[PDB]
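Raw structure_6.txt, compact mmCIF, N, CA and C atoms:
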# COMPACT_ATOMS: atom_id res chain seq x y z
N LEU A 1 99.63 101.06 90.84
CA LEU A 1 99.28 100.24 91.77
C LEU A 1 100.26 100.08 92.87
N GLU A 2 100.02 100.58 94.00
CA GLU A 2 100.93 100.46 95.10
C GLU A 2 100.20 100.36 96.42
N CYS A 3 100.63 99.51 97.27
CA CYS A 3 99.96 99.37 98.57
C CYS A 3 100.93 99.71 99.69
N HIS A 4 100.46 99.90 100.87
CA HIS A 4 101.36 100.23 101.99
C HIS A 4 101.53 99.04 102.87
N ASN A 5 102.59 98.87 103.49
CA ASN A 5 102.81 97.73 104.36
C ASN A 5 103.10 98.18 105.78
N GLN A 6 102.84 97.69 106.65
CA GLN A 6 103.10 98.09 108.04
C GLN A 6 103.03 96.94 108.95
N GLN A 7 103.70 96.54 109.47
CA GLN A 7 103.67 95.41 110.36
C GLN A 7 102.94 95.74 111.56
N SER A 8 102.02 95.21 111.97
CA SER A 8 101.27 95.49 113.14
C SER A 8 101.21 96.91 113.36
N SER A 9 101.07 97.58 113.39
CA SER A 9 101.00 98.97 113.61
C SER A 9 102.28 99.60 113.81
N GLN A 10 102.95 99.88 113.82
CA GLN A 10 104.20 100.48 114.02
C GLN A 10 104.62 101.34 112.94
N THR A 11 105.30 101.22 112.24
CA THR A 11 105.74 102.03 111.17
C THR A 11 105.22 101.55 109.86
N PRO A 12 104.57 102.36 109.19
CA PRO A 12 104.01 102.05 107.91
C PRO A 12 105.02 102.07 106.80
N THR A 13 105.05 101.09 106.03
CA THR A 13 106.00 101.06 104.93
C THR A 13 105.29 101.08 103.61
N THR A 14 105.97 101.02 102.55
CA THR A 14 105.32 101.04 101.22
C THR A 14 105.75 99.85 100.42
N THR A 15 104.93 99.21 99.74
CA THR A 15 105.29 98.05 98.94
C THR A 15 104.71 97.97 97.67
N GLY A 16 105.29 97.90 96.69
CA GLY A 16 104.77 97.83 95.43
C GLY A 16 104.63 96.49 94.87
N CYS A 17 103.83 95.98 94.63
CA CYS A 17 103.66 94.68 94.08
C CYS A 17 103.72 94.56 92.83
N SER A 18 104.24 93.93 92.32
CA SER A 18 104.33 93.78 91.10
C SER A 18 104.68 92.66 90.49
N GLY A 19 104.71 92.07 90.23
CA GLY A 19 105.04 90.97 89.63
C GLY A 19 104.28 90.22 89.40
N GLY A 20 103.48 90.60 89.53
CA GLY A 20 102.71 89.91 89.32
C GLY A 20 101.59 90.32 89.86
N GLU A 21 101.42 90.79 90.85
CA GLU A 21 100.35 91.20 91.43
C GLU A 21 99.73 92.42 91.20
N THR A 22 98.56 92.54 91.35
CA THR A 22 97.91 93.71 91.14
C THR A 22 96.88 93.95 92.10
N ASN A 23 96.96 93.59 93.30
CA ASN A 23 95.98 93.80 94.27
C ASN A 23 96.53 93.95 95.66
N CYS A 24 95.77 94.46 96.55
CA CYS A 24 96.26 94.62 97.92
C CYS A 24 95.36 93.86 98.87
N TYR A 25 95.86 93.49 99.99
CA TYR A 25 95.01 92.74 100.94
C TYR A 25 95.46 92.97 102.36
N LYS A 26 94.73 92.59 103.31
CA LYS A 26 95.09 92.77 104.71
C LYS A 26 94.73 91.53 105.49
N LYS A 27 95.65 90.95 106.17
CA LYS A 27 95.35 89.73 106.93
C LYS A 27 95.78 89.87 108.37
N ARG A 28 95.06 89.30 109.26
CA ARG A 28 95.43 89.40 110.68
C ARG A 28 94.88 88.22 111.45
N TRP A 29 95.53 87.83 112.49
CA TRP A 29 95.07 86.67 113.28
C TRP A 29 95.68 86.73 114.67
N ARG A 30 95.45 85.88 115.47
CA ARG A 30 96.02 85.89 116.83
C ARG A 30 96.44 84.61 117.22
N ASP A 31 97.58 84.39 117.34
CA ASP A 31 98.04 83.16 117.71
C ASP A 31 99.07 83.31 118.62
N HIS A 32 99.58 82.59 119.20
CA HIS A 32 100.60 82.68 120.10
C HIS A 32 100.97 83.45 120.82
N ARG A 33 100.93 84.25 120.59
CA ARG A 33 101.28 85.03 121.26
C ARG A 33 100.28 85.49 121.11
N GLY A 34 99.55 85.81 120.19
CA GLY A 34 98.56 86.27 119.99
C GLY A 34 98.23 87.34 119.14
N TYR A 35 98.50 87.98 118.59
CA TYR A 35 98.21 89.04 117.76
C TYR A 35 99.18 89.17 116.64
N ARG A 36 98.74 89.01 115.47
CA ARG A 36 99.64 89.13 114.34
C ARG A 36 98.93 89.78 113.18
N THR A 37 99.43 90.84 112.65
CA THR A 37 98.77 91.52 111.53
C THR A 37 99.77 91.75 110.41
N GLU A 38 99.36 91.65 109.20
CA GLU A 38 100.28 91.87 108.07
C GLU A 38 99.52 92.42 106.89
N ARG A 39 100.12 93.31 106.18
CA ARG A 39 99.43 93.89 105.03
C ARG A 39 100.42 94.13 103.90
N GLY A 40 100.55 93.26 103.00
CA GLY A 40 101.49 93.44 101.87
C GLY A 40 100.74 93.36 100.56
N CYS A 41 100.85 92.94 99.73
CA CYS A 41 100.15 92.85 98.44
C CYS A 41 99.62 91.45 98.24
N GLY A 42 98.61 91.30 97.53
CA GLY A 42 98.06 89.96 97.29
C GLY A 42 96.56 89.98 97.35
N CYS A 43 95.90 88.99 97.57
CA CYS A 43 94.43 88.95 97.64
C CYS A 43 93.96 87.52 97.66
N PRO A 44 94.39 86.72 97.81
CA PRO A 44 94.02 85.32 97.85
C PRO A 44 93.53 84.84 98.62
N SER A 45 93.01 83.93 99.21
CA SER A 45 92.51 83.43 99.98
C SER A 45 92.01 82.64 100.76
N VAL A 46 91.77 82.34 101.15
CA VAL A 46 91.29 81.59 101.91
C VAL A 46 91.34 81.41 103.21
N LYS A 47 90.71 81.23 104.08
CA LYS A 47 90.71 81.04 105.36
C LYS A 47 89.52 81.01 106.05
N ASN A 48 89.38 81.02 107.14
CA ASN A 48 88.25 81.00 107.86
C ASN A 48 88.50 81.21 109.30
N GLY A 49 87.95 82.17 109.86
CA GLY A 49 88.15 82.43 111.27
C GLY A 49 89.08 83.59 111.42
N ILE A 50 90.06 83.70 110.64
CA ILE A 50 91.00 84.81 110.74
C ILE A 50 90.40 86.05 110.11
N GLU A 51 91.14 87.11 110.05
CA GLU A 51 90.61 88.34 109.44
C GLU A 51 91.31 88.62 108.13
N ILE A 52 90.58 88.80 107.09
CA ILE A 52 91.21 89.07 105.78
C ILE A 52 90.42 90.15 105.05
N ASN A 53 91.05 90.94 104.26
CA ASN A 53 90.33 92.01 103.52
C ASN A 53 91.07 92.36 102.24
N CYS A 54 90.46 92.15 101.12
CA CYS A 54 91.13 92.47 99.83
C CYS A 54 90.59 93.78 99.29
N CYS A 55 91.41 94.59 98.68
CA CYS A 55 90.95 95.88 98.13
C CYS A 55 91.91 96.35 97.06
N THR A 56 91.48 96.88 96.05
CA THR A 56 92.38 97.36 94.97
C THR A 56 91.89 98.70 94.46
N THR A 57 92.14 99.72 95.12
CA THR A 57 91.70 101.06 94.68
C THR A 57 92.77 102.07 94.98
N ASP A 58 93.67 102.22 94.77
CA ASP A 58 94.75 103.19 95.05
C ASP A 58 94.91 103.33 96.52
N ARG A 59 95.91 102.79 97.07
CA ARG A 59 96.13 102.89 98.50
C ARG A 59 94.86 102.58 99.25
N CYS A 60 94.37 101.42 99.18
CA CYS A 60 93.13 101.07 99.89
C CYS A 60 93.45 100.40 101.20
N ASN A 61 94.64 100.17 101.51
CA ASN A 61 95.01 99.52 102.78
C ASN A 61 95.07 100.47 103.84
N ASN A 62 94.28 100.76 104.38
CA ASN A 62 94.29 101.68 105.42
C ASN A 62 94.04 101.66 105.89

Could you rewrite the structure in this file as structure tokens?
Amino acid sequence: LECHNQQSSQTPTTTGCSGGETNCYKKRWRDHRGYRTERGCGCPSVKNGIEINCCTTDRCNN
């Protein structure tokens, strides 16, 4: 189980979650500046209005 991380588009990194986690997710929103995207491990949720996407299939963050 491993997901990739990349901060807003720029350089893609790799993150292994573990500890607990066993899932990957993608969240993004626009505030202040306005545009903020993050993709690390997790899957939780909640929100409304923002953009979120959970997936757990071998490198599903993409």

> Pick the closest to residue 42 (chain A) from A:30, A:15, A:57, A:24: which is it, counting all atoms listed in the file?
Replying inline: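 Under the stated criterion, the closest residue is A:24.
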
> What does the distance between CA of residue 52 (chain A) and CA of residue 34 (chain A) come to in Å, to one decimal place?
Replying inline: 16.2 Å

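Taking atom N of residue 54 (chain A) as the reference point, CA of residue 40 (chain A) is found at 11.1 Å.
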
> Using only N, CA and C atoms, what residues lie at most 7 Å away from (97.2, 101.9, 99.2) (file coordinates), given as a PyMOL selection string?
Replying inline: chain A and resi 2-4+57-62

> Taking into account only C-alpha atoms, which residue in the set A:43, A:7, A:50, A:35 is nearest to residue 22 (chain A)?
Replying inline: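 Nearest to residue 22 (chain A): A:43.
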
> Can you tell me how far atom N of residue 25 (chain A) sits from atom N of residue 37 (chain A), in Å to one decimal?
Replying inline: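 Interatomic distance here is 13.4 Å.
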
> Taking the backbone alone, and naming residues the way the document does, which bits of chain A are strand (DSSP E or B) by DSSP, as a VMD selection string?
Replying inline: chain A and resid 3 to 6 12 to 15 24 to 29 36 to 38 41 51 to 55

>> From the options A:44, A:18, A:39, A:55, which residue's atoms come nearest to residue 5 (chain A), counting only N, CA and C atoms?
In response: A:39

>> With 6 Å as the threshold, what does the neighbourhood of (91.8, 89.3, 109.2) contain in terms of residues, counting all atoms listed in the file? Coordinates are those of the file; answer as a list in words.
In response: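 Those within range, by chain then number, are residues 26, 27, 28, 29, 50, 51, 52 and 53 of chain A.
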
> Taking only C-alpha atoms into account, which of A:31, A:36, A:56, A:21 comes nearest residue 9 (chain A)?
Replying inline: A:36
